[PDB]
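Structure, as structure tokens:
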Number of protein chains: 4
Amino acid sequence: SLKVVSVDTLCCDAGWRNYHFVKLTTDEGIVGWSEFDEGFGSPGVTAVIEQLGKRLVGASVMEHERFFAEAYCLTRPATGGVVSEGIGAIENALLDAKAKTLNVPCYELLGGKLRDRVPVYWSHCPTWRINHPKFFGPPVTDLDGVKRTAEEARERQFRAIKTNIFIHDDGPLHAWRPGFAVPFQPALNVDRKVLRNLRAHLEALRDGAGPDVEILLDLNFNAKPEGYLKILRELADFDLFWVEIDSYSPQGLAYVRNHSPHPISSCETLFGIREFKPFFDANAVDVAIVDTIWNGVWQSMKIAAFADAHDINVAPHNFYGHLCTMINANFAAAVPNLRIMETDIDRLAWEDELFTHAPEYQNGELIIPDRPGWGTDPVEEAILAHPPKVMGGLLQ
Amino acid sequence: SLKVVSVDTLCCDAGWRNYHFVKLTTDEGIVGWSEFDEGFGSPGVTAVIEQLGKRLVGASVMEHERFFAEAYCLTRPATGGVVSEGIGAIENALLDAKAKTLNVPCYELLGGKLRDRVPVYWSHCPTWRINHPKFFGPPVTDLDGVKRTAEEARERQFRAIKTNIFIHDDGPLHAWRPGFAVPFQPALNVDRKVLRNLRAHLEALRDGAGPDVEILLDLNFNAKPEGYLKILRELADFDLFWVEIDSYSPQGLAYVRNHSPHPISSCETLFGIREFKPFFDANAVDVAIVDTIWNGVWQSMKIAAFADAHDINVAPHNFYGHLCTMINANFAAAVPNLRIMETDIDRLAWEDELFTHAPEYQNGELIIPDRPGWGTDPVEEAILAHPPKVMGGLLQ
Amino acid sequence: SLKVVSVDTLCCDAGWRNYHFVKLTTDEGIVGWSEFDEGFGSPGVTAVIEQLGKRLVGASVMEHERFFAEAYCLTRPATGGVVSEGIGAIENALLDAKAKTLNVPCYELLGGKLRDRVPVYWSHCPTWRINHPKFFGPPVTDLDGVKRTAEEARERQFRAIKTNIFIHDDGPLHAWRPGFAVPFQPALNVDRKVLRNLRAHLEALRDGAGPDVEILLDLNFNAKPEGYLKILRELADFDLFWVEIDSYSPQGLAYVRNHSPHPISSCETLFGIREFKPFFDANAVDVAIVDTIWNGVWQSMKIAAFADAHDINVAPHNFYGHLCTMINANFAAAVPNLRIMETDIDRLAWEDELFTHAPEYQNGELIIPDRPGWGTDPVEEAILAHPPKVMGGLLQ
Amino acid sequence: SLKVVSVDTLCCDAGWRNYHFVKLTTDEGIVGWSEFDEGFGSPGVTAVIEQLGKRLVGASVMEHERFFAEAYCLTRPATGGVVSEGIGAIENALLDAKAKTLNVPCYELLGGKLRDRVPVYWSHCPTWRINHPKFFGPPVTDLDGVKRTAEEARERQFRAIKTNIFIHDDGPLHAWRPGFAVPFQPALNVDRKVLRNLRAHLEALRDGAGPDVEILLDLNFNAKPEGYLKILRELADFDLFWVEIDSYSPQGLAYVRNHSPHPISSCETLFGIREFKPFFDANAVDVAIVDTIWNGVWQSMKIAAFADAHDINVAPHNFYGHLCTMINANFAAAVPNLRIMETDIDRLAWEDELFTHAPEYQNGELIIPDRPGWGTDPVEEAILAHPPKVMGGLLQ
Ligand SMILES: O=C(O)CCC(=O)C(=O)O
Ligand SMILES: O=C(O)CCC(=O)C(=O)O
Ligand SMILES: O=C(O)CCC(=O)C(=O)O
Ligand SMILES: O=C(O)CCC(=O)C(=O)O
Ligand SMILES: [Cl-]
Ligand SMILES: [Cl-]
Ligand SMILES: [Cl-]
Ligand SMILES: [Cl-]
Ligand SMILES: [Mg+2]
Ligand SMILES: [Mg+2]
Ligand SMILES: [Mg+2]
Ligand SMILES: [Mg+2]
Ligand code: NA
Ligand code: NA
Ligand code: NA
Ligand code: NA
């Protein structure tokens, strides 16, 4: 039969955070996988999955939108956030199982592909080498290190890189992440120190990148509109591919964008057409970042179509492990209005051990694979060789 | 010292669902409690609390808004829903501990009281006796039972009662709850059967209530705007205190209200000024229902003040156990713009065993107690005598 | 008992204006104080307090929100302005009495503190030394004096300074304050003379400040939107922390801000969420200035929470005596979305005599005290040694 | 010369409140008078007048708009409310002095008259006979009394009457005025008791009035939008000339009006074009009530012209003593877009002693007098024979 027989979760060490997975088995013996995350502000996702998965056993693996509709009803009062993350993780495992059942890549469930390769940017560059030097080397500890990381991206034929906010002139080099309580300064004011450091950092990065490579800047939730505006004015004369700003104020974000000489991206934390709508209504973004790992890829197709009707291009949010990358690859393959794809090129020394296939890059683009399902499977034996730690990420 | 030494969660049987509690201990030996819930669409709250509580140990019990601000930063990407429920549960335990530390009732942290007693409505009447007859009697299984429950409310001096949607003429009497997948009909269409049953039910309830007692109707998430409008037209000639409609469409809800001859209430599932704002901007409600158990009472004071500036009165969402009632009582005591308070008068046979003090009612009003903290404590030994079941509620 | 036994007002000389105080005594012997003001356009506040205080005697000191709600009802037709100032003065005295009664600093009634120290700006710098040289020295009478005052701020480790509008090249140095009828030119036109003087002044101030110290500009009510726009264009190339503009035209202010290359602050004269709302709806401000002396600190917490939902940071309005500073300190301690705190560093030669404790500053920040109540008490005997003059301020 | 030599205030007993007056003397010996009020939520007006009058002595009596413009500058931060009431009282005294100086009625300063007589309604009917029976008889203590008062209005050829909210069936007959804390129920909820009493009262009043006499209903600030809507639905089948609702929520009031089968009036407490604007923008009113005693008659001409551009007719707020009536008469004489004029026909036994001329009525209309100034003067000797009491009105 085509019934779901079991829904399990697994977890392994990813250094400063854990990777999580859904493993869904059908009565046919087919296994569908997804990857999900709890460290990005998201304790409880596993608990959600364990409850919702109980309801799924006995149901048809083919009927993923039936499951979504039921799940949404059962959790309607507390929808969004970690509830919706659990639903999306399950959806993505179901899609893998269905694609494998029909012997096709996941993009064949999503309209077929319309491109073979997707341009990417090398994300968290040099962010990972500064913030998590024990896991990603060579460690970056100064402005010259910032420049050399940018030089490395260019030599490796990457077309674009994305950095964050760093303080260079107050002792050791460190991230400025007050939006996430590092440091705890909940007003999120932007002072002169923050501004001249941003400038110094980007000048060094541009130095290393050369004039052709594109530079993206992510400001996450690290200011209020006032401060975002001050940052953009400070950086008026830089050539930025986009400036990324997360906000739960469509009005505020729209105001910032209206006064921005750079393209503005946002929305990576949002769920469903519903949450995206007020941002589009407000003219708040140039580019909509869609987290398909969180939303589920099927729900994300609905969001991409909505953006398309507004002539807004989308970019997948992709900063986890290889299976997340392959999930997003299949989304990217199928979406016409695709801005670019995010990927972390810095890898854990054991990343490849955890998965059956690695993403393949060529001339700054990700090759879309053509194997049944997402294109890679977690390896149970390697997962068990890398036991998880207590929650990390934002909660470290 | 005034440091938090431990944050624990406890759980017990409440029949068709469980009760959950936060137990927070200070270095002084003071214990603050809250009650929270997972059955109302909300798996994962305990997992959230267990992570966030780790960060709280070692911090000052007095600084509850510091904790909130930090927590909000740490979980910013997945805020709302079950994350915000965990934060609110912790907030409410912290408020209890601080009030006990200063030897005052919680309402003294909230501006002082401005009323001694609060009028209530008897909620889920006869809903609990129909849907959970094994726990609340006498069982209601027909229209005459509906009438007699209403007669009982009047004789007991209750001024108002709230019912839901029931089917009387299709075999046994049963709830109509498609919004929550009982039955699974995800379009949420409202047919003729639903309409004439609603009518039959309310006529019987009005019969028993007499002309003075107020009747509230809760439609929860059980239709789309189209269907809510059909329901209201059908019930144009009924005298309803309010019709309660939950919606994630401010535009849609506003439309319904604009065509409603009855006062409309909503918002019980919403978090923070932020989520309430689009509803108020749209003129969507007569009354804002605030879930202070979910939001935390301190955050709910901010929401009540926002409603007050719009000349909107608020009503606490209160359909759990005695500690929830006492938490809401303290909110109700302090808020000027208070519509009425919800309370479930049907009680579990062991409800009183679980808590040190029961809410006291007189002439259809809840008496606001004047003991340190919320006014009641869960009893650990009784909690352990009532071990929990697997998750129930919407997930049963 | 905890009943209020008396509500008195006191007044003393503050040079070019008077200080006023509310003294509230409980049956326990506890005395709560506030400071208020009449010179800033506000004759009648004392008369309001004397009527409203009569109603308060016999009521519980703990129930400050009950008092507010009653007061608001009794004065509803003429709410705002000097009526609301009287209510706010009484509220602040009640908060002091309640905090002292519970043996805690006032910030413990406001959510607990979330910071130990608050960055400040040195306000009316060099405004006080130019306009009131008989009370604050060394007198500033030219551009070199302007520069040296700025140099002094830097040497004293202040991070920011705020100036106003001055005419340098038309005889003696003097303030331009047509908004307040000095001079009487009620059109409030901005001519070339005003523009080049503003420029000359700020260039000198920047000269003295160095490149790190922040410069704020307050334009008060001294133009119409047309003129504010001309001023901002003239000053397009200056690095200003904010430009402060008071306006009773949200539409007009929003227009100015939309065309401003500097952050815009306003709202210091506004009362309640109600009056702030149209400004936030219009996108009129970067920063909301809140007068907690006028509003009352409890009402101001509601306003700060409203601003927070709009991702707007707030700044207390603080330009009176030490008790006002300490009141605002407690507000600043408790509010997450705090931009910065205003303070007048120039002091009267007898300022310290009037109060039991002086505000303490270190490395450009105000230290939040931890004594019961606001942190300082007016001294009755010193108040009587400094008898008041006839009303001054704007009415001088 | 034409200089102002003195500005004085006087006060006398008006039973349950005091009357206040401004007395302005010119160097020519001409005396201009106005009447003002403090009991209607407005402590401090006298204090405002005493400060502002000091600035006026020495200035030209002819230049009333110069005075206003200066005053507005001097009090700009706390404008509105009791400050603006003081300015308006002074304006009205200045207008009297100028009209007397030029030997004309005040309406000749206001565009000339365009009508000789103004239709009125008999206001506070039977409100004054119920609430202040010691001053206005015959006392009304039941529904038959309500009917007979209405019969008396008809026999006396009054075309319209205005009543308020009364409770008939809960012991003695009493006013329902929770908006003004009588009783203190700050939520301002409207229950079934309030609704059926309103109905009983109006039915009795209609009984006595007959079918031709118009009935106005004033609900003041006694509900929230929810409750106003419930009241209007309850009274859907009554023929009401208007329903008067005071609100500081233009959005809320507009909503109520949009669902009202009766004309809605409001605005009696508002100051200047500025405060009226959001109500007109929102479509909130059929009729704008203008308080010219509060605003000043010259400022009120600006407000009437603004209403006229919106095709909104205005009605003066007039519920004080004879001089207030005569001030409003002159306004009413000059304004094209005049709905009707309010007047209290119930008089104090000493009302006529206080003034040189009484308003004259004929066939339900007020005759506009043609004497220099407003048309009546307070009598100093009679004022002193009626010494004031402590503040009454809302503050009683
Ligand atoms: O930078 C982070 O904290 C991770 C998420 C993110 O913002 C991104 O990948 O664009
Ligand atoms: O009826 C339910 O499902 C419970 C929650 C609710 O809607 C209420 O208590 O008002
Ligand atoms: O400058 C003034 O007139 C005093 C009030 C003010 O605007 C401020 O302190 O910011
Ligand atoms: O009824 C009152 O309290 C007096 C003022 C009023 O509303 C009116 O005269 O229309
Ligand atoms: Cl901060
Ligand atoms: Cl369906
Ligand atoms: Cl001018
Ligand atoms: Cl109430
Ligand atoms: Mg990002
Ligand atoms: Mg409900
Ligand atoms: Mg200012
Ligand atoms: Mg009225
Ligand atoms: Na989110
Ligand atoms: Na929700
Ligand atoms: Na103001
Ligand atoms: Na008013």
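Residue numbers start at 1 in each chain; chains themselves are named A, B, ... in the order of the structure tokens; ligands are numbered from 1 in the order shown.
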Within segment 129-225 of chain A, find each residue whose DSSP state, derived from the backbone, is alpha helix (DSSP H), and express the selection as a VMD selection string. chain A and resid 129 to 131 143 to 155 192 to 209 225
Collect all residues with atoms no farther than 12 Å from ligand 14, counting only C-alpha atoms and all ligand atoms, and output them as a PyMOL selection string. (chain A and resi 72+75-84+275) or (chain B and resi 40-42+79-85+221+246-249+266-272+274-276+290-291+294-295)
Taking only C-alpha atoms into account, what are the residues of chain D at most 6 Å from chain B, put as a PyMOL selection string? chain D and resi 186-187+224+226
Exercise: residue 273 of chain A partners within 9 Å, only C-alpha atoms, chain neighbours under 6 positions left out, as a ChimeraX atom specification: /A:299-300,302-304,306-307
Hey, can you check how far atom 4 (C, counted along the ligand's line) of ligand 4 sits from atom CA of residue 64 of chain C? 27.7 Å
As a ChimeraX atom specification, please: every protein or nucleic acid residue near ligand 9 (cut-off 7 Å, counting only C-alpha atoms and all ligand atoms). /A:218,220,244,268
Pull C-alpha atoms from the residues just selected and write them as a tab-separated table (two decimals), in the first residue's frame.
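The file below, part27.tsv, is the result:
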chain	number	residue	atom	x	y	z
A	218	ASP	CA	22.33	41.25	5.95
A	220	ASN	CA	18.80	40.75	10.22
A	244	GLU	CA	18.53	42.43	3.95
A	268	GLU	CA	12.86	34.99	5.60
Counting only C-alpha atoms and all ligand atoms, closest pick from B:62, B:150, B:118, B:315 relative to ligand 10 is B:315
Between atom CA of residue 126 of chain A and atom CA of residue 223 of chain A, what distance in Å does the model show, to one decimal? 20.9 Å
7 Å from ligand 2 is the threshold here; counting only C-alpha atoms and all ligand atoms, which polymer residues fall inside it? Answer as a list in words.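 So the residues close to ligand 2 are residues 123, 124, 164, 218, 220, 317, 318 and 319 of chain B.
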For a test of reading the model, state the distance in Å between atom CA of residue 188 of chain B and atom CA of residue 88 of chain A, rounded to one decimal. 22.6 Å
Could you give me the residues within segment 130-190 of chain A that DSSP places in strand (DSSP E), as a list in words? residues 160, 161, 162, 163, 166, 167, 174 and 175 of chain A
Now that the selection is made, can you save its residues with N, CA and C atoms as a JSON list (two decimals), in the first residue's frame?
[["chain", "number", "residue", "atom", "x", "y", "z"],
["A", 160, "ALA", "N", 28.80, 36.31, -6.10],
["A", 160, "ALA", "CA", 28.22, 37.13, -5.04],
["A", 160, "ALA", "C", 28.56, 36.55, -3.67],
["A", 161, "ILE", "N", 28.66, 37.42, -2.67],
["A", 161, "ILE", "CA", 28.94, 37.04, -1.29],
["A", 161, "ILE", "C", 28.04, 37.87, -0.35],
["A", 162, "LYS", "N", 27.70, 37.31, 0.81],
["A", 162, "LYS", "CA", 26.89, 38.03, 1.81],
["A", 162, "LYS", "C", 27.56, 38.05, 3.17],
["A", 163, "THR", "N", 27.66, 39.25, 3.75],
["A", 163, "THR", "CA", 28.24, 39.45, 5.07],
["A", 163, "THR", "C", 27.21, 40.04, 6.02],
["A", 166, "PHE", "N", 29.92, 43.55, 11.92],
["A", 166, "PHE", "CA", 31.08, 43.20, 12.76],
["A", 166, "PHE", "C", 31.75, 44.44, 13.33],
["A", 167, "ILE", "N", 32.25, 44.31, 14.56],
["A", 167, "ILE", "CA", 33.03, 45.35, 15.21],
["A", 167, "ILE", "C", 34.52, 44.98, 15.15],
["A", 174, "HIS", "N", 34.38, 40.83, 16.43],
["A", 174, "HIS", "CA", 33.14, 40.16, 16.88],
["A", 174, "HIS", "C", 31.86, 40.65, 16.16],
["A", 175, "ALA", "N", 30.85, 39.77, 16.11],
["A", 175, "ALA", "CA", 29.56, 40.08, 15.49],
["A", 175, "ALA", "C", 28.78, 41.06, 16.34]]
Give me the residues within 7 Å of segment 375-392 of chain D as a PyMOL selection string, counting only C-alpha atoms and dropping any in the same chain fewer than 2 places off. chain D and resi 11-13+16-18+33+39+323+326+353-357+369-373+394-396
Now that the selection is made, can you save its residues with N, CA and C atoms as a PDB file, in the first residue's frame?
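again32.pdb, freshly written:
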ATOM      1  N   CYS D  11     -17.161  85.694  39.934  1.00  0.00           N
ATOM      2  CA  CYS D  11     -17.763  84.375  40.108  1.00  0.00           C
ATOM      3  C   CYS D  11     -19.001  84.499  41.014  1.00  0.00           C
ATOM      4  N   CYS D  12     -20.063  83.758  40.696  1.00  0.00           N
ATOM      5  CA  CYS D  12     -21.249  83.716  41.545  1.00  0.00           C
ATOM      6  C   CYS D  12     -21.903  82.333  41.583  1.00  0.00           C
ATOM      7  N   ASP D  13     -22.747  82.140  42.583  1.00  0.00           N
ATOM      8  CA  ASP D  13     -23.517  80.913  42.764  1.00  0.00           C
ATOM      9  C   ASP D  13     -24.467  80.711  41.586  1.00  0.00           C
ATOM     10  N   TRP D  16     -25.788  74.392  41.760  1.00  0.00           N
ATOM     11  CA  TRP D  16     -25.013  73.151  41.765  1.00  0.00           C
ATOM     12  C   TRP D  16     -23.691  73.357  41.019  1.00  0.00           C
ATOM     13  N   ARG D  17     -23.462  74.601  40.587  1.00  0.00           N
ATOM     14  CA  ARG D  17     -22.233  75.029  39.937  1.00  0.00           C
ATOM     15  C   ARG D  17     -22.132  76.554  40.073  1.00  0.00           C
ATOM     16  N   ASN D  18     -20.992  77.111  39.681  1.00  0.00           N
ATOM     17  CA  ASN D  18     -20.824  78.566  39.673  1.00  0.00           C
ATOM     18  C   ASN D  18     -20.839  79.092  38.262  1.00  0.00           C
ATOM     19  N   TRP D  33     -17.675  92.160  28.593  1.00  0.00           N
ATOM     20  CA  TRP D  33     -17.897  91.000  29.437  1.00  0.00           C
ATOM     21  C   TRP D  33     -17.890  89.706  28.631  1.00  0.00           C
ATOM     22  N   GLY D  39     -16.919  74.184  35.935  1.00  0.00           N
ATOM     23  CA  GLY D  39     -17.531  72.991  36.485  1.00  0.00           C
ATOM     24  C   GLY D  39     -17.599  71.847  35.495  1.00  0.00           C
ATOM     25  N   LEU D 323     -25.757  85.424  29.800  1.00  0.00           N
ATOM     26  CA  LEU D 323     -24.718  86.005  28.946  1.00  0.00           C
ATOM     27  C   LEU D 323     -24.196  84.985  27.956  1.00  0.00           C
ATOM     28  N   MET D 326     -26.646  84.891  25.110  1.00  0.00           N
ATOM     29  CA  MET D 326     -26.566  86.082  24.258  1.00  0.00           C
ATOM     30  C   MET D 326     -25.299  86.020  23.382  1.00  0.00           C
ATOM     31  N   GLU D 353     -31.833  88.364  38.049  1.00  0.00           N
ATOM     32  CA  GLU D 353     -31.185  89.364  38.910  1.00  0.00           C
ATOM     33  C   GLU D 353     -29.742  89.620  38.498  1.00  0.00           C
ATOM     34  N   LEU D 354     -29.074  88.576  38.010  1.00  0.00           N
ATOM     35  CA  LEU D 354     -27.653  88.635  37.678  1.00  0.00           C
ATOM     36  C   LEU D 354     -27.323  89.427  36.414  1.00  0.00           C
ATOM     37  N   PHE D 355     -28.321  89.653  35.555  1.00  0.00           N
ATOM     38  CA  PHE D 355     -28.092  90.233  34.237  1.00  0.00           C
ATOM     39  C   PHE D 355     -29.053  91.386  33.956  1.00  0.00           C
ATOM     40  N   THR D 356     -28.586  92.338  33.150  1.00  0.00           N
ATOM     41  CA  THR D 356     -29.379  93.513  32.797  1.00  0.00           C
ATOM     42  C   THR D 356     -30.523  93.187  31.842  1.00  0.00           C
ATOM     43  N   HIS D 357     -30.337  92.231  30.932  1.00  0.00           N
ATOM     44  CA  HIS D 357     -31.429  91.791  30.023  1.00  0.00           C
ATOM     45  C   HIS D 357     -31.535  90.276  29.913  1.00  0.00           C
ATOM     46  N   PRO D 369     -31.042  90.143  19.875  1.00  0.00           N
ATOM     47  CA  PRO D 369     -31.165  91.534  20.245  1.00  0.00           C
ATOM     48  C   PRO D 369     -30.265  92.428  19.388  1.00  0.00           C
ATOM     49  N   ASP D 370     -30.466  93.739  19.495  1.00  0.00           N
ATOM     50  CA  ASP D 370     -29.751  94.743  18.697  1.00  0.00           C
ATOM     51  C   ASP D 370     -29.138  95.854  19.566  1.00  0.00           C
ATOM     52  N   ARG D 371     -28.715  95.506  20.769  1.00  0.00           N
ATOM     53  CA  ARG D 371     -28.037  96.446  21.641  1.00  0.00           C
ATOM     54  C   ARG D 371     -26.536  96.326  21.422  1.00  0.00           C
ATOM     55  N   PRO D 372     -25.763  97.364  21.766  1.00  0.00           N
ATOM     56  CA  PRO D 372     -24.307  97.264  21.634  1.00  0.00           C
ATOM     57  C   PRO D 372     -23.711  96.112  22.456  1.00  0.00           C
ATOM     58  N   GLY D 373     -22.761  95.389  21.883  1.00  0.00           N
ATOM     59  CA  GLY D 373     -22.169  94.214  22.550  1.00  0.00           C
ATOM     60  C   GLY D 373     -23.030  92.957  22.424  1.00  0.00           C
ATOM     61  N   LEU D 394     -19.227  68.731  37.265  1.00  0.00           N
ATOM     62  CA  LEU D 394     -18.673  67.358  37.266  1.00  0.00           C
ATOM     63  C   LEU D 394     -17.834  67.080  38.497  1.00  0.00           C
ATOM     64  N   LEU D 395     -17.275  68.145  39.075  1.00  0.00           N
ATOM     65  CA  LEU D 395     -16.420  68.037  40.236  1.00  0.00           C
ATOM     66  C   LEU D 395     -17.202  68.089  41.571  1.00  0.00           C
ATOM     67  N   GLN D 396     -18.542  68.073  41.518  1.00  0.00           N
ATOM     68  CA  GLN D 396     -19.395  67.982  42.720  1.00  0.00           C
ATOM     69  C   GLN D 396     -19.546  66.533  43.140  1.00  0.00           C
TER      70      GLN D 396
END
Counting only C-alpha atoms and all ligand atoms, which residue out of B:107, B:184, B:320, B:121 sits closest to ligand 6? B:184
